[PDB]
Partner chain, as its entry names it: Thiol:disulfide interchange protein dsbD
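Coming up is one lone chain in structure tokens, specifically the form solved without the partner chain.
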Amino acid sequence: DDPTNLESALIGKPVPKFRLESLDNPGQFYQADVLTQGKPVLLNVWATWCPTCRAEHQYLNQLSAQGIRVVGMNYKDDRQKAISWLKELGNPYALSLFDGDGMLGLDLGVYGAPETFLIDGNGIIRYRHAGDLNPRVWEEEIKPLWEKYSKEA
């Protein structure tokens, strides 16, 4: 029927509202609208304290380079560390929101990381996977959803 588990929260509803500064370019702020752009996007919860986050990063670059749109959700992290991080490993993201308060994660039902949402063009959350992004997950679970909500263009 309808899944009742905490990983199924927000499935089928609009991204929570927020206002967060960009980690990449200080001074610039963003809101739910940035994830509501008429095309599907991936939102990827990450932080320097997240132990499996490095393990998923290079495949994050790979998708980013084939035109899969990815927005960073830097979760309760240390600003300077996060910067140093993106610098050594590469920057896959359109931008990372600096959720240094943890408010947005909290709004999204996030506990620990990394985690990846597929949000459609209308800002609606369609899928949520806890754990590392990799070619299996992509090919099996996410790719069909990305095509589904891209063809709605």
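Residue numbers count along the first chain shown, from 1.
Remark: stretch with higher mean C-alpha B factor among 110-118 and 81-89 is 81-89.
As recorded in the PDB entry, 99-107 is the stretch of 99-107 and 123-131 with the greater mean C-alpha temperature factor.
Note that the form deposited with the partner chain bound isn't included here; everything after this is about it.
Among residues of the shown chain, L42 is not one whose heavy atoms approach the partner chain to within 4.5 Å in the deposited complex. The shortest heavy atom separation between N61 and the partner chain in the deposited complex exceeds 4.5 Å.
The partner chain in the deposited complex is not approached by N91, whose heavy atoms all lie more than 4.5 angstroms from it.
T48 belongs to the set of residues with a heavy atom inside 4.5 Å of the partner chain in the deposited complex. Residue in contact with the partner chain in the deposited complex (any heavy atom within 4.5 Å), chosen from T52, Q31, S84, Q37: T52. With the partner omitted here, the stretch from 124-132, 66-74, 91-99, 23-31 that lies within 4.5 Å of the partner chain by heavy atoms in the deposited complex is 124-132.
Looking at 88-126, the residues that come within 4.5 Å of the partner chain in the deposited complex, counting any heavy atom, are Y111, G112, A113, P114, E115.
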